[PDB]
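First, one chain by itself in structure tokens, the form solved without the ligand.
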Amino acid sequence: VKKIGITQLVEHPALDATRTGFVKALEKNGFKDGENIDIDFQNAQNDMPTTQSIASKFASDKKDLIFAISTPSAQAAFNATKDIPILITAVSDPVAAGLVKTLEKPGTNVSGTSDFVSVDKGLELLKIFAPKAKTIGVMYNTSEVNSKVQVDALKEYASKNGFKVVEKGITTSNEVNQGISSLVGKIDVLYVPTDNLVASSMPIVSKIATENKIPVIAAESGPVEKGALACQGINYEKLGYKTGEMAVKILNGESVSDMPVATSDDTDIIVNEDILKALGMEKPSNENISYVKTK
């Protein structure tokens, strides 16, 4: 019989879906719950101390495998053991989190899947939603450290592909309406990074961008649902299933320090149906595109 611990940070559609898929991969490969495996599911419920508890508990439980969902959940797992295999998922940056020596060759007890989506993947959509675009807009928070990383990525994409960039650096939420408005007439497309300031004030940005025919490309599905045009979001159930297939490999034998970190692979284009009609644009004819409505 097998003891598998699942440590999740919080209940959340993306994270919940990686769980669902991970289980299914085990089931189709013959590891039914309470038959020859037992799954210890622990939600930390967004309590950051309780991620540590779950880790330590699973260490002294001597679990066969620790499936960890989210960067904090995975970090806590790494503290509590350096001799139980720990499969991650929903972690953007494994090397910056300190879970793995290099992405290709683990050199530790920690393999799994990343949920990273590059600025490159996102801007493949310029072809579809902003054809012959010359100049990309980007509004972002100077305070948020991971935004300027994402903006530097965009300037480096822009430079290398022949686009110009227009930046609005802002700090406070009240500056937004003014910001997005100052970008009217100067940009062919706006890119919304994963950035708490701007991701949270979408209903405003949606309004002012859509009124001037400006397409809004987002780095994830959340801002699409709330009035951005499209994103290159991941199917988290599939990223889970992938990670669940990597489990079956460890159970039936494989050594996890050799196992390389598999990636998103299957990412689907998610388009806001409604925002599309409001831009006067018609649906792309490639049928492998998903659609959603605003809130």
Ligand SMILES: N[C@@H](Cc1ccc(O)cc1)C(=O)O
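In case it trips you up, residue 1 is the first one in the sequence shown, and so on.
One more form of this protein, solved in complex with the ligand, exists but is not displayed; see below.
J.: Exactly one of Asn174, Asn196, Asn161, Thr102 has a non-hydrogen atom within 4.5 Å of the ligand in the bound PDB entry; which residue is it?
T.: Of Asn174, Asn196, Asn161, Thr102, the residue with a heavy atom within 4.5 Å of the ligand in the bound PDB entry is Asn196.
J.: Note which of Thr71, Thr108, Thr81, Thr135 lies within 4.5 Å of the ligand in the bound PDB entry, where distance is taken over heavy atoms; exactly one does.
T.: Partner contact (heavy atom, 4.5 Å) among the options: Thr71.
J.: Exactly one stretch in 153-161, 178-186, 205-213, 85-93 has heavy atoms within 4.5 Å of the ligand in the bound PDB entry; which is it?
T.: Flagged stretch: 85-93.
J.: In the bound PDB entry, does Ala14 have a heavy atom within 4.5 Å of the ligand?
T.: Yes, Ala14 is a contact residue.
J.: Consider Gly112 of the chain shown here, and say whether it contacts the ligand in the bound PDB entry, taking contact as heavy atoms within 4.5 Å.
T.: Close contact is absent here: in the bound PDB entry, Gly112 is far from the ligand, nothing within 4.5 Å, heavy atoms only.
J.: Can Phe58 be called a contact residue for the ligand in the bound PDB entry at 4.5 Å between heavy atoms?
T.: No, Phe58 is distant from the partner.
J.: Just to confirm, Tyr236 within 4.5 Å of the ligand in the bound PDB entry by heavy atoms?
T.: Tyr236: yes, in contact with the ligand in the bound PDB entry.
J.: At 4.5 angstroms, heavy atoms only, are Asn146, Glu220 and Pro223 all close to the ligand in the bound PDB entry?
T.: Checked in the bound PDB entry: all three residues contact the ligand.
J.: Taking the better superposition fit per C-alpha between this form and the one not shown, does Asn109 end up alongside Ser53 in one rigid part?
T.: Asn109, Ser53: same rigid body.
J.: Mind checking the CA-CA distance of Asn288 and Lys24 in the bound PDB entry? It differs by 3 Å or more from this form, so is it closer or farther?
T.: Distance between the C-alphas of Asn288 and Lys24: longer in the bound PDB entry, by 3 Å or more.
J.: Between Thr171 and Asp47, does the Cα distance in the bound PDB entry come out closer or farther than in this form, changing by 3 Å or more?
T.: Compared with the form shown here, the C-alpha atoms of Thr171 and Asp47 sit closer together in the bound PDB entry, by 3 Å or more.
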